[PDB]
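Step one of this worksheet: look at the structure below.
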Amino acid sequence: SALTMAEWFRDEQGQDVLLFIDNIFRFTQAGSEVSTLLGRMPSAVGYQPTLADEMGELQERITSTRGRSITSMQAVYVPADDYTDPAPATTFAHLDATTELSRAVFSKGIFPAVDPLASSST
Amino acid sequence: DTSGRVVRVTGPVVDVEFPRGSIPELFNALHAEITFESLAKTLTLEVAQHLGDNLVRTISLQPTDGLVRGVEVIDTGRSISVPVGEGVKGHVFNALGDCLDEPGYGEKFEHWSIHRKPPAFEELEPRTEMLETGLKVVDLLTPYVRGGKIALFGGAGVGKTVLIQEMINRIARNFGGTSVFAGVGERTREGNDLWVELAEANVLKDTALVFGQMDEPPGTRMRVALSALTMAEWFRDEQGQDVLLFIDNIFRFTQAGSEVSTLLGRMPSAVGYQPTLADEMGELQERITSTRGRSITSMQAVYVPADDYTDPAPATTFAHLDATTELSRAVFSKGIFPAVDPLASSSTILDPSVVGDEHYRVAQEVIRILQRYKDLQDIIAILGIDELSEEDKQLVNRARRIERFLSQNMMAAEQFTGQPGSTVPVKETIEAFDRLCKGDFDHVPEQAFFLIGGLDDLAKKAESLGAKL
Amino acid sequence: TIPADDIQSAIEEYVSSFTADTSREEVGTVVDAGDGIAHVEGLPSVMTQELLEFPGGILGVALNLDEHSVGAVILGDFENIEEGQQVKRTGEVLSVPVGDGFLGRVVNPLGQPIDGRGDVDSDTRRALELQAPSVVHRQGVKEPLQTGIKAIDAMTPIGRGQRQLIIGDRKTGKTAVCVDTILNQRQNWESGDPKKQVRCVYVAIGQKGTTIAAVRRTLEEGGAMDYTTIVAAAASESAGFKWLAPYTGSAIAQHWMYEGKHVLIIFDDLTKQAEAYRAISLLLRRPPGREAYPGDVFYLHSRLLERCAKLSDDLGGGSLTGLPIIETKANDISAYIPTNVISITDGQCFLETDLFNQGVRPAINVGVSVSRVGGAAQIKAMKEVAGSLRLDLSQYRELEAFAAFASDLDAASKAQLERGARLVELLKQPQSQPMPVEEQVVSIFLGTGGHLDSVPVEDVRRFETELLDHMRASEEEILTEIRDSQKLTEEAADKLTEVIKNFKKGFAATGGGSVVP
Amino acid sequence: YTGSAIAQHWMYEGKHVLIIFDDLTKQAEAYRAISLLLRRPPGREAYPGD
Amino acid sequence: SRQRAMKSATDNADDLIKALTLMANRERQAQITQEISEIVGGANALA
Ligand SMILES: Nc1ncnc2c1ncn2[C@@H]1O[C@H](COP(=O)(O)OP(=O)(O)OP(=O)(O)O)[C@@H](O)[C@H]1O
Ligand SMILES: [Mg+2]
């Protein structure tokens, strides 16, 4: 819904949209909560088999076309601090800049708790 | 009238329905036809389960791309049969017995089913016996078992193919025997490479190659070892000949069995392998044995997942392996051929009850000296040989001499040097290494030990270097 | 200028020649549909892997066949599938247009251009699942495929017909390595020799469309789109396209390989093809194994990678060099799909994050990176200047614990330590800057010949660059001899050494001192 | 849920409530039991999807 | 004394590496088996 509002502001009005999304992961998790009730065999870590496909269908609409800008900024929850979990590991491929926060840097009192060795930008 | 028809096609798994009184036995070979002219072929199916209602579930051995429901399926009446005989030597076959370099060759040979039983308990040998290859390092520190299984842990660039050709030569010329090479999950590039090297060294005429390649469904990768083992069993039981069977990556046999088990809907065991992992490994490894004076000795390349020797696949494989040969790169860089690591290799018959007391004593003495040398090597490398003691310097020189005398002029190198290959009797090896450990060759330069035979070759190589005694 | 009357004439000729013979079609009916999978009752004569056409120009592939229905994978626009629609039988397995018209285009995993530059003139069609070359159709890998990267070309050489795995966690430089390998073939292309030209195919599975745009832009700025095709199954495409994209890219580039041409195909993140195939197989309710994979995923990848071959001279002598890419997680090379593709390929280039952060870029772990083809894929010059490199780097890696106690080390130990530090500085390389083989030979001659022991380790890089620059301006004959003779003769070695001496007496370090011995 | 309802009745009257849930893990285990006995498809550690 | 103590510490660290590697491989196998158990449990719940 919010992405459709942003897409209207980008395509019809056409002026410099900002799109913030808090813990977008919750999209993946909600899709995972009903995948067995819909009759789908579970994937590796209990995620839906269509994990990457749905994440791509959603994440490919959040983009700037030629001459029409959307500066997107999402928060991505990493379950149990495991950056190898399939949901963040699949989200990693859709981003130009990633600020990766650590609990090891949170425990030292350093804020923002950015991991300088893990974060990256294109 | 008595043939079946395809009912379900799910990848490599094909279900076939037969009439009421024509259900094929388990492990039978069925034939279906793909007529789509681009992918036109003859599928060979292997009956895996009886599902009931005249339905059988079979695993396809070729890709089922292009198969139609309702296609007639012919029952051959027997399991997968491979051609056997002396004529299978010098040729390349697949898991089904089709010649790859000369299509149509072998079709009028005798054909043997690849599903056979090991020798009866009445016929097994109750006494272990050592296989004397003629190599110094093997006959001394890693004695092979006749009719046993030897693990090989050589990567790329350590002369694994050279050692394979060497073993082919030795089993063909010292025992009047044969070699069969089972490439289980063989890379086609490396398969063609091995083919042309065996054809160049003129040892292909003593070998039968059976290739179950990587681009094939799991069925042929699971059955190629049985095909090659059936050829070897014919050479042993029917021809009366000693056989050497090289199974390249038995782990790929285990992995193909695991994939076939997953395809058939079977619940996985621990880690993920098939529930019948040990039963399949036994069904394969128990036919490699000595029987009625003749034997099948097997050398198997082993892969250890995640370097975890407690992983179910290597833990199941090592229950059948009698020796271990580790080809080292630190030994290959020193110019020592074969590059057998004398400390990482091991044998289970290196025991006073089998090899004797003098053999065991000389072997333990050599191993002690070499282990001490490897301990001192770091001090020698970082801080220098000059800092060592004098007892340590003596031991280092003696150990370098022993480590170099472990090398040998192999019969596989004759094509490159012209010098015939050596066959050092085990007694002469024991005597030579006893005299080395004593010190009778502490004055002879090092270069006089590289790639020689027994003791007379050593004395002559020394005298040709202005050094005697 | 626009040809509007021509646009009249085109559709004019089309409609004046339109015909549709009312032939008997075999149709089925969709019974259920969900998540990109549709089950179709009927179609008795449909075969496995056959293309089906749903209403609305939608395509599917008949994967599951049983007595009840046909489970088919929808190749896009799945939200238009409904219960009750009719499905037509095509009579064909998945085929893809192939020809030289694909050089410079960005296409679907069906041969349809998605760049907008017009339709693609196709020579013929080619089935996706044609068999790989036989074991008697191949030939030993002997010709080098120069990646332009010193670390690879020196330590883990790649031949023409080899499959080398670029495996690494993420943001370690795998795409960069493969794009540099593609860009390095520009001079081979400008030679016009079909025995030296390498045609490139880049398959992008599961990538954000802006990443594919950036890759194509990098290839265009380097002039590499004159010989490169891009088969893109973006992240928004169906699981069917992501599963079929490597087979589409490999069906192309086999039309070239069998014509006697040399091709290099890159499969960017075969891991994502594996996840797409796993999604397809779990939606079709096939039995899952380790990590929920279908059980024929090793077959999925080995069937693809065994088609990168080096054909015989009786078949034309063509070749297809495969560069698959695998993303491990936390450097877990013991995972399932990494294990499979490591077992399949001929060698592996392990890129690491720790090395990347230490400034070692490309972050190749030269300790565990291997090439089972080896020196057989190297020119004699590179084969002899790089043989003195592996042992030196290993000795440096085993001595670098004593980096702070060089006072207590033997003279040979400290010499090995310093030579190893210079050699580690020698194998570094900027991104999108590949070097021809003779310049790499000269650089590794600098490294292994002792001509860097006079230079401060924080200057080596610059020195190397500058020297090559000098040799590109003054003494081109040395590089020409190495390029045409593939070997560094003694006369050329003497000339190169004296050039190095003159340059050294002309070189200015950053510490202020001179670099003369 | 019973405690939460009893507390919400007071909350919606302008009063301040403090509710303690001792070992919500026992609730999660009881819900997993209930869901496994109704044969609902399990997830991680056999927990239901919800 | 420093030479002797450092040799002892190196041997202790080597034995610790061995024990930690055994434990890591044990828990790796356990994690794979538990994941397969969950996957096949869901797949059986659906059949
Ligand atoms: N040789 C190099 N020198 C300096 N920087 C490099 C080099 N190679 C790559 N990089 C940098 O690394 C960053 C990411 O690398 P790259 O995208 O090639 O990795 P990747 O394997 O594609 O990872 P992913 O697929 O997860 O994005 C790029 O921004 C690039 O600038
Ligand atoms: Mg990338």
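The residue numbers of chain B are those assigned by Swiss-Prot, with the residues present covering 18-486 sequentially.
Placed from the backbone N, Cα and C atoms, the Cβ positions cover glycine too.
Going by Swiss-Prot, these are the annotated features:
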type	residues	note
BINDING	B:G171, B:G172, B:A173, B:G174, B:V175, B:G176, B:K177, B:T178	ATP binding site
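Cβ proximity to the ATP site centre (mean Cβ of B:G171, B:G172, B:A173, B:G174, B:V175, B:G176, B:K177, B:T178, cutoff 8 Å) flags the following additional same-chain residues: B:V179, B:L344, B:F349, B:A356.
Cβ neighbour density within 10 Å is lowest for B:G174 among the binding-site residues B:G171, B:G174. The C-beta environment of B:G172 (ATP binding site), restricted to residues of the same chain at least 6 apart in sequence and closer than 8 Å, consists of B:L344, B:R346. Within the same chain, the residues at least 6 positions away from B:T178 (ATP binding site) whose Cβ sits under 8 Å from its Cβ are B:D210, B:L211, B:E214, listed in sequence order. Just so you know, of the binding-site residues B:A173, B:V175, the Cβ with the fewest other Cβ atoms around it within 10 Å is the one at B:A173. Within the same chain, residues at least six positions away from B:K177 (ATP binding site) with a Cβ under 8 Å of its Cβ are B:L169, B:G171, B:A318, B:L344. Among the binding-site residues B:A173, B:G174, B:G176, B:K177, B:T178, the ones whose Cβ sits under 8 Å from a Cβ of chain C are, in sequence order, B:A173, B:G174.
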